[PDB]
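Counting neighbours? That spans all protein chains shown, and the Cβs are built from the backbone with ideal geometry, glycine included. All of this is worked out from the model, or read from it or from the source named; no laboratory read-out is quoted.
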Ligand SMILES: O=C(Cc1cccnc1)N1CCC[C@H]1c1noc(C2CC2)n1
Ligand SMILES: O=C(Cc1cccnc1)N1CCC[C@H]1c1noc(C2CC2)n1
């Protein structure tokens, strides 16, 4: 028992981290097979960042301007290209530590682990969720760009995120591994406000099921509700509307605990309406929404 | 910016995890050089667990009864011995992935990362603190025994914890890598209640400094206090007494923010006395105590 914000083991990803330098800018790169993936803003100077013309900036760059270092050894760059907001640097050596991998674009509400890196070196690993407004509430400092988000299915690493920037609001924006930003964000140092950060309702319910499994049951009540009644409450509290797809995904947790999804929605409704009254659930004094139903099942079953 | 419960990258530790089986019991082992470390209760049957005589149980075991598997390859066991509550299985092959390592016995209040494992395979990584009552609030299921806690200083992995058991209270107990339990716990399935779980005051203050650095400043007040006045409040709220050693350790955070340690104690005093009033600090609705002052500096400076 016990329930923690758990990240995937980061070993497979640590073996892919490299340092990429272009001019006076150094950030992180992801070396998979014979390609190094990194944010295209590596070609920018501090002046360029305000309104960069990436196509024009890249014309002035040759393969030899991209310095790629894997630990203490320099990789030879034999090609470069821009795909959306990422650069793909073709190197002459396949990464011997390349794990089995996929590139996936995640949905808002999905969680992933981040291996924060500086100068191609890992500093820490933490669990994240892609917010409904497509930002991530990470922990990143200048130099962390190019750090990646991922999930792992046994031996396959699914890369879903590459860190690009911090919004003036202190939240983070980035792309999938094809270089497409999550949300409306652009790789430019300009005012980019995030939309309403709604709560991921299906995740809060999944976390309430994890609480019941682990012994924290005080919030269980004598009530039930309907999807429509629940959603009136979810709208008032800036929670995502719950759909029948969400109920279906919560099915295994509902079956394991014997608590119908709509009964758990009624417990959630009372918690939204009344608050926690100074009580805690799984050591938290607020409703946690960065555990998906899959995360709860994985953690509560011990999947390796 | 942003502040997360960050674990160390787990790669160096993943390379050490093996599966150890003795009879019908399988748990995790730590392979460093030519030795595999694991909880001695691997020699117990379910009946034995109630009151085991480990010395007598071990007499019936030979090197060939300890099955040690590293991934899909079997290690040959050439010696076995019991050191306190751990078994050391001498194998004929040095682990090629052995990192630079140390065995350290941590102090209550210190934090570490846990690589939870099942059948010698890593499932996740999370950040922990050794509670003042010497328990850890982990996330561990049956089969997780032998999973280890550690810290990393650049290239050196300091192993501090090996998981042994779950108390009837759902909290976790284990040993250092010399097999000595943290706290009064014994490796026996018996009633072992934990003492008062006090709050790690120096860590809460470190986390308040992290909040100020990251922009969350609402809790800063116009007051100050003294160590003695602060400690009267800390005692009432089951917080650890703050010492001048703690103030000294908070020195760099105090210098960076310009907020004197005693002024931050006065903010903490008001937060204990008044609560958060439905507000949050670094996305938390309670006072977080599982970040040491070193963790805050490391995360806020980007140490790799
Ligand atoms: O956000 C960062 C880096 C950073 C800092 C903290 C956390 N995570 C990332 N920066 C640094 C330069 C100014 C600003 C910036 N604005 O746009 C860009 C890129 C073109 C997209 N960069
Ligand atoms: O605690 C665990 C395993 C477990 C389960 C959940 C989390 N972490 C560890 N068990 C399983 C058998 C009964 C009980 C037990 N009591 O003592 C022992 C060892 C002799 C010390 N084991």
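So which of B:229, B:248, B:187 ends up being assigned by CATH to the domain that holds residue B:173 and more than 18 Å from residue B:285 (Cβ to Cβ)?
B:187
Return yes or no: is residue B:105 surrounded by fewer than 20 Cβ atoms within 10 Å (Cβ to Cβ), assigned to a loop (DSSP other than H, G, I, E, B) and either on the phi < 0 side of the Ramachandran plot or out of contact with any helix residue (DSSP H, G or I) (no Cβ under 6 Å at 6 or more places or on another chain) (or both)?
So residue B:105 fits the description; yes.
Sort out which residues of the stretch A:210-266 are within 14 Å of another protein chain (Cβ to nearest Cβ) and either over 18 Å from residue A:291 (Cβ atoms) or exposed (fewer than 15 other Cβ atoms within 10 Å of the Cβ) (or both), and write them in order of number.
A:215, A:217, A:237
Every residue in the stretch B:76-100 that is assigned to a strand (DSSP E or B), surrounded by 18 or more Cβ atoms within 10 Å (Cβ to Cβ) and touching a helix residue (DSSP H, G or I) at 6+ places or on another chain (Cβ under 9 Å), please.
B:77, B:80, B:86, B:87, B:89 - these are the residues of the stretch B:76-100 that are assigned to a strand (DSSP E or B), surrounded by 18 or more Cβ atoms within 10 Å (Cβ to Cβ) and touching a helix residue (DSSP H, G or I) at 6+ places or on another chain (Cβ under 9 Å).
Keeping to the stretch A:268-282, report how many residues are away from chain B (no Cβ under 11 Å) and at positive phi.
Count: 1.
When you check residue B:202 against the structure, is it within 14 Å of chain A (Cβ to nearest Cβ) and part of a helix (DSSP H, G or I), yes or no?
Against the criterion (within 14 Å of chain A (Cβ to nearest Cβ) and part of a helix (DSSP H, G or I)), residue B:202 does not qualify.
Is it true that residue A:101 is within 16 Å of ligand 1 (Cβ to nearest atom), in contact (Cβ under 8 Å) with a residue 24 or more places away in the chain and in contact with a strand residue (DSSP E or B) (Cβ under 9 Å, 6 or more places away or on another chain)?
Considered against the rule, which asks whether it is within 16 Å of ligand 1 (Cβ to nearest atom), in contact (Cβ under 8 Å) with a residue 24 or more places away in the chain and in contact with a strand residue (DSSP E or B) (Cβ under 9 Å, 6 or more places away or on another chain), residue A:101 comes out as no.
Could you look through the stretch B:11-56, keep only residues that are in contact with a helix residue (DSSP H, G or I) (Cβ under 6 Å, 6 or more places away or on another chain) and closer than 23 Å to residue A:4 by Cβ, and pick out the one that is farthest from the other protein chains (Cβ to nearest Cβ)?
The selected residue is B:27.
Please work out which residue is nearest to the other protein chains (Cβ to nearest Cβ), limiting yourself to the stretch B:287-303 and to residues that are outside any helix (DSSP H, G or I) and crowded, with 18+ Cβ neighbours inside 10 Å.
The qualifying residue nearest to the other protein chains (Cβ to nearest Cβ) is B:302.
For the stretch B:110-126: of the residues being more than 7 Å from every other protein chain (Cβ to nearest Cβ) and more than 14 Å from ligand 2 (Cβ to nearest atom), which is farthest from residue A:302 (Cα to Cα)?
Looking at residues that are more than 7 Å from every other protein chain (Cβ to nearest Cβ) and more than 14 Å from ligand 2 (Cβ to nearest atom), I get B:110.
From the list A:191, A:173, pick out the single residue that is in a strand (DSSP E or B) and without any contact (Cβ under 8 Å) to a residue 40 or more places away in the chain.
A:173
Here's the yes/no breakdown for (1) within 14 Å of ligand 1 (Cβ to nearest atom); (2) closer than 30 Å to residue A:281 by Cα:
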{"residue": "A:3", "(1), (2)": "no, yes"}
{"residue": "A:11", "(1), (2)": "no, no"}
{"residue": "A:27", "(1), (2)": "yes, no"}
{"residue": "A:33", "(1), (2)": "no, no"}
{"residue": "A:48", "(1), (2)": "yes, no"}
{"residue": "A:54", "(1), (2)": "yes, no"}
{"residue": "A:67", "(1), (2)": "no, no"}
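Would you mention how many residues in the stretch B:152-182 are facing chain A (nearest Cβ under 9 Å), within 9 Å of ligand 2 (Cβ to nearest atom) and touching a strand residue (DSSP E or B) at 6+ places or on another chain (Cβ under 9 Å)?
Result for the stretch B:152-182: 2.
Enumerate the strands (runs of 3 or more DSSP E) found wholly within the stretch B:1-75, keeping only those where 2 or more residues are buried (at least 17 other Cβ atoms within 10 Å of the Cβ).
Those strands (runs of 3 or more DSSP E) span B:17-22, B:25-32, B:35-39, B:66-70.
Kindly check whether there is at least one residue in the stretch A:201-217 that is touching a helix residue (DSSP H, G or I) at 6+ places or on another chain (Cβ under 9 Å), more than 16 Å from ligand 1 (Cβ to nearest atom) and free of Cβ contacts under 8 Å to residues at least 60 places away in the same chain.
Among the residues of the stretch A:201-217, at least one is touching a helix residue (DSSP H, G or I) at 6+ places or on another chain (Cβ under 9 Å), more than 16 Å from ligand 1 (Cβ to nearest atom) and free of Cβ contacts under 8 Å to residues at least 60 places away in the same chain, which makes the answer yes.
Output the residues belonging to the stretch A:152-169 that are assigned to a strand (DSSP E or B) and more than 16 Å from ligand 1 (Cβ to nearest atom).
Selection gives A:152, A:153, A:156, A:157, A:158, A:159, A:160.
Residues in the stretch B:44-84 that are more than 15 Å from ligand 2 (Cβ to nearest atom) and in contact (Cβ under 8 Å) with a residue 60 or more places away in the chain: how many?
Total satisfying the criteria: 1.
Name the residue that is nearest to the other protein chains (Cβ to nearest Cβ), counting only residues in the stretch A:127-151 that are more than 14 Å from ligand 1 (Cβ to nearest atom) and part of a strand (DSSP E or B).
By that ranking, first place goes to A:127.
When residue A:1 is evaluated against the numbered criteria (1) assigned by CATH to the domain that holds residue A:148; (2) more than 16 Å from ligand 2 (Cβ to nearest atom); (3) more than 27 Å from residue A:155 (Cβ to Cβ), which criterion, by number, is the only one it fails?
All conditions pass for residue A:1, except number (2).
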